[PDB]
């Protein structure tokens, strides 16, 4: 056996040598060199120094530039908020713990951090999903006489919140659980311990099916159609140089978006399904943190992709940062 189990945790290292300590009570320098904890920190620091300004600037610029304030932009605001939760609930906490070498805030800290950290990543996720439903809806016009507006934009955000609660909340109250992962400095869902008094199994399938497969299907279908509709319309207006250009652009973007959504969750889900099929073969603390690296670094690239890459917002950003105009 490659792990050593505690009542609130699973350190992925073997206590045959008796050196394993609780991830809530003492440094874990036996499962990773302290220089590696330093890099854990360097990484969290990078995520903050980029993530905060990128996601903050986004809210701030909307507050200043009124054309950015469409109902169809609401969900992108939602995205930046959720990215911020990821920063202040997850990244900073981890910065602080990595530098101690273990999770210095104990079980409740574990829950708090784990909750807000997954709440964020999940709102962000379903934001990307809602965005597509919305875009599809307004472009493919799947409804007789329908005009997307504020009320819709809203329900959409609320939906984003209800999904994420249906994901982060249950561990707190009996279904699955939160525990330190990988190097034990940050806390997340436990998808690698047949912990029965909590049904970690039914939950991971639930998580897999409802919070990965579905989102992935919905996204692909919506953007799939949207690209169809657009290429179908263009083909019918080949005399319009601009339209052909808009068509090219839209496609390139959908591709970038889908590839991005994959690069961010596939890894997490690949590891999960693997483990679920490969019962508790020692998974390096380091290895456990690869599904996590990809997902977390999204809080910087999502905003770059879905916001920074829009001639409009981009224009405002300039004005704002440049003391008024330019």
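Numbering follows the first chain given and starts at 1. Rigid core here is just the name for the largest C-alpha set that superposes within 1.5 Å across the two forms.
Stretch 66-74 is the one, of 66-74 and 22-30, whose CA positions lie farther from the shown form in 4 other deposited structures of this protein once all structures are superposed by the rigid core. RMS Cα deviation from the shown model in 4 other deposited structures of this protein, rigid core fit, is larger for 225-233 than for the other stretch of the pair 225-233 / 212-220. According to the PDB record, 90-98 carries the higher mean C-alpha B-factor of the two stretches 243-251 and 90-98. Stretch comparison (234-242 versus 137-145) by mean CA B-factor in the PDB entry places 137-145 on top. Residue set 64, 55, 38, 281: peak C-alpha B-factor at 281 (per PDB entry). As recorded in the PDB entry, 193 shows the highest C-alpha B-factor of the residues 176, 193, 160, 151. The entry lists a Cα temperature factor for residue 267 that places it in the middle third of the chain's modelled residues. Among the modelled residues of its chain, residue 28 has a C-alpha B-factor that falls in the middle third, as given in the PDB entry.
Per the deposited record, the Cα B-factor of residue 115 falls in the highest third when ranked against the other modelled residues of its chain.
When all modelled residues of the chain are sorted by CA temperature factor, residue 182 is found within the highest third. Residue 71: CA B factor in the highest third of modelled residues in this chain (values from the PDB entry).
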